[PDB]
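Quick heads-up: the structure tokens below are two forms of one chain, split into structure 1 and structure 2.
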Structure 1
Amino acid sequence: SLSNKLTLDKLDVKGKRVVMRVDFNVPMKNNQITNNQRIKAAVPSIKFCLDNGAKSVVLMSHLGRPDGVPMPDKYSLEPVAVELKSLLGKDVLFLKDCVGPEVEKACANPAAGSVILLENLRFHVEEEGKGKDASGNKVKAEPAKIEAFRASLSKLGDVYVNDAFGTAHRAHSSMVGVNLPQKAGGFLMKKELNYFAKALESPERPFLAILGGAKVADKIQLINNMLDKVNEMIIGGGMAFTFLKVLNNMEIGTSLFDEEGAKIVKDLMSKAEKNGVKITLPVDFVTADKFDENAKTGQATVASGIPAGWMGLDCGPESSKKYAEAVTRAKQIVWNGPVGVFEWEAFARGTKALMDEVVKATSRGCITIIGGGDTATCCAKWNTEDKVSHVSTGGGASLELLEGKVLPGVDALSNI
């Protein structure tokens, strides 16, 4: 946690320019923000800096996975700037880049109280260290250029704050590479780390983890360590199909599949058996003939398989019944990742049914923790934010805490 680290409440910001990493990677639909949770969560740190006399606050974040190519068409942070203005009651200057001489000039000596938002960090390959070129070939950033990127970010403030809890599992340039003498954790980082420290110290048992979503390559690699902490796991959403293909030889069509993760599925199941972790996988599905809101839909089971060219985008009723049975057994639940494409109504029933069960569980004393940019948007969509124990801004970041890891964005902060 942060007991050993500098935090914003101990940082003198009067007359200082503050460069602040935030997680403004908000969900979007029809080019509009669908949930401003992650933006509102950063307002306490921003307002604290302004109220205590900061010369300026320079905000930097990524949006989506543009893979090191500028894509202002679909991944610009400009809409976040307009949303942040109304949440702050103050104007926000949006810059169309995050590094280079023009950005440096705009941030060098701003008018007192200026709030500046920079363009998407991941438009530059040096933020993640790797990406793709505009033709889609995978590329690696050059070390000299990564150092220059970090040096440019470091010029934009006198002191650094990291409030980007949702990104704190990423050792990316903006998260671990800023070279300023004082590097402090923000109030969202403190709030989230303190909550999880308490909730993970001696979880109530049975402790269920619900793992869904679409970031299969990343998150399947977290299960091994989770199996030492939990008593049950639901594996749903896009995660399930890699398991069902390997274990059941199920036909999955064009459903999400991770070739590298497929190679560890049997090892994970053996470890779950060794550790007494009950694994619940879906047994039926809502299918789609294309990845589209208005796709033709169908039904499938594990026995039937998903037809060629179709994809499973939600679980079916028998799966929901099994998910509900595990939720009913739990005394503590951590849930990251919707169990279907809940943004599209044809494919939202399984996630809504599961949310209903989690809310009922909270009512009878279960500790229920929902985290993630997209999973927290389920809470907003069905108006359950106040009906679960905690809604976190971190998804993958919360799973890495469940694993017992120190997060790089925390580790990179100054020590007291």
Structure 2
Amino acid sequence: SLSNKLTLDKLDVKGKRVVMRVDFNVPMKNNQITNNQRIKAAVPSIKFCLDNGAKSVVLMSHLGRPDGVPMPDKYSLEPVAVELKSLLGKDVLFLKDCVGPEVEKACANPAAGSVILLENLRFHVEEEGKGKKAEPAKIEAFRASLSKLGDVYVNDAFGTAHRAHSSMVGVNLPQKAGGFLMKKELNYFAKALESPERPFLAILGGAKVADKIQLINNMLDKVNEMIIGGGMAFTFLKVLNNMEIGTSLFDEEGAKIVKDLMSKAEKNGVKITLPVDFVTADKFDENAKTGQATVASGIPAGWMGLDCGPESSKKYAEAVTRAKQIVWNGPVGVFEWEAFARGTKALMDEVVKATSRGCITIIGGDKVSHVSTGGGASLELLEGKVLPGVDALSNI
């Protein structure tokens, strides 16, 4: 909801220093970024600021969960600065901290047009307001320091909008505006949820049932169809079909409530699509020996299902084909491992094809309508919850 919040499009930034919270919390391997989507997504906001004469843009974010200990050897934002420099065609000055005298001096009056990226906010216990306990006078000093780094604050950190952390809710500046990414994300989910195109399909995958209960319930009140996929589905199939599932994931708490989810699906007229066949593995390994199973065959003892199989992909494809809107959150298989990526890659293929014929296609965690930068924050929007990062924006 941004009708009564200040937004970047109406913020005057000419000759002003902008401190901007972003979600640059990007997947990483051996200090190489493996998905730069979250960095690219902040670009419109940054460039609007530069193009309208900001004196500076100070970007701040966390990365991973270093729990309030400075971990520059493992969870440094420095690779992001390098990546952002390409994206912008502008020098990015990387500061090895995010608060204190040195950072304050670097941000006091930078050369016109400067883009500055601070180090991981979570190197300070005062950001989360807890660590692996915070002191109010320390949290206050942390926040007072971030508040010096610009004249105006912008929150473009949609992916972190569910976290009531100091950089998200604690910044004390007269004007705190929602960025273009904040707006775009909220608009898309608001349209999808309040004015859906129909049939409305949700594809939900993931490992467990018990932590997805509220999500599933809230989705059942809005959708026409739901795919339940990923390791979750083994819980449903053991309960509903007494499928023999081997060593695959089994949610003992979620098993107890599958009856109730299906009851809600039924009274709402929601067609549930579960997988019907599987790619099995002999261990939880990328280079495990692999096989095949169906619901009817069962999964042989000692083996686990790590991807859906080809007939499940035809069934998932039936539901995609009928859809005019799709919201997909969670994997249907362990696609980080190529042997177990076919179900996900096939489903992505159908979803891309649906976008080509006019289907609204929303993915979370240009061949689709909207690739969300929010995993958890979007999961929170889908369960009907408030976003502290949005609430804390200044009102008009």
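Quick note, the numbers are simply positions in structure 1, starting from 1. Residues that one form lacks are left out of the comparison. We call the rigid core whatever largest set of C-alpha positions still superposes within 1.5 Å between the two forms.
Q: If you fit the rigid core between structures 1 and 2, which of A324, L193, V178, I116 ends up with a C-alpha shift of 2 Å or more?
A: Correct option: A324.
Q: If the chain moves as two rigid parts between structures 1 and 2, put down the smaller part's rotation against the larger in degrees.
A: Between the forms, the smaller part turns 24 degrees against the larger.
Q: If the rigid core is lined up, how many Å does the C-alpha atom of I252 shift between structures 1 and 2?
A: Here the C-alpha difference is 12.6 Å.
Q: Could you state, for a rigid core superposition, the Cα shift of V334 between structures 1 and 2 in Å?
A: C-alpha displacement of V334 between structures 1 and 2: 3.7 Å.
Q: What is the Cα shift of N31 between structures 1 and 2 once the core is superposed, in angstrom?
A: Residue shift at the C-alpha: 1.4 Å.
Q: Once the rigid core is fitted, tell me which blocks of three or more consecutive residues have Cα atoms all displaced by 2 Å or more between structures 1 and 2.
A: Those runs whose C-alphas all shift by 2 Å or more are 202 to 370, 386 to 390.
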